[PDB]
């Protein structure tokens, strides 16, 4: 595709195609989008974040990371769609235009590029990073159990060979540390959304502890409204609540870390399909999934701009 207008949003793409997509979008919308490299993956691949801004100096921001678990293909596909949608709706949709006129959005489409490349090359269901560390045959860490929020506690595995291995220590994975450094340096993030796939859930803070967050009432209602908005499009039903009470105890998670940094609107989305196809969600559902999910994300952004 020589234009984001010829890019096939209804099909799954490779790392190269998505990175090329990034440059096309920036070339096509230079006053709105820019490409930032926040680090290099374990295998040296550049880690890219698309910044959507209409100006200002470090305006309140919204963080959105997708594909931290490589096999969750619907997320990277949705991230690409999100990127295009932002450029299409700014100056067209009153609400989204208002958000971007006062806030910046940072979108990381492929948070785990080495694993993504691997899902295309050797194993479609690979989910961890591709780091090799100590005296262990196995490879990779579950990057979403590597964050410094209840790191190493129940809800993660200490076995390097486990699919939910948390890594040697908090932030050991460069893919995670790169985000931590960017967000802490920025210092003005108001929302932090992590997109994952399948189970159709919208969860808020703490998977590592049963302690209720100080903002439970508000985040719970924001989640309720977001799920209803998402549902209004195709009838896709999502369940919502805190991570630990909704799915299970899970430690070292991204939104527990961001919420503890003071980023109030921290939520994690588990996208489409409740198991019919699971991680192998048909390409025919990419656009519909992205469209409905957008409604839920926009709902959250709206609460962030007015609060």
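Residue numbers count along the first chain shown, from 1.
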Between 84-92 and 122-130 (mean CA B-factor, as deposited), the higher = 84-92
Could you settle it for me: does 140-148 or 156-164 have the higher average Cα B factor in the PDB entry?
-> 156-164
Peak C-alpha temperature factor (PDB record), options 180, 98, 201, 105 = 98
Have a look at 110, 193, 74, 233 and flag the one whose Cα has the highest B-factor in the entry.
-> 233
Using the B-factors in the PDB entry, rank residue 242's C-alpha atom against the chain and give the third, lowest, middle or highest.
-> middle
Going by the entry, which third of its chain does the Cα temperature factor of residue 27 land in?
-> highest
In terms of the chain's CA B-factor thirds, is residue 63 lowest, middle or highest?
-> lowest
Third assignment of residue 282 from its chain's C-alpha B-factors | middle
State the tercile, meaning the lowest, middle or highest third, of residue 35 with respect to the CA B-factors recorded for its chain.
-> middle
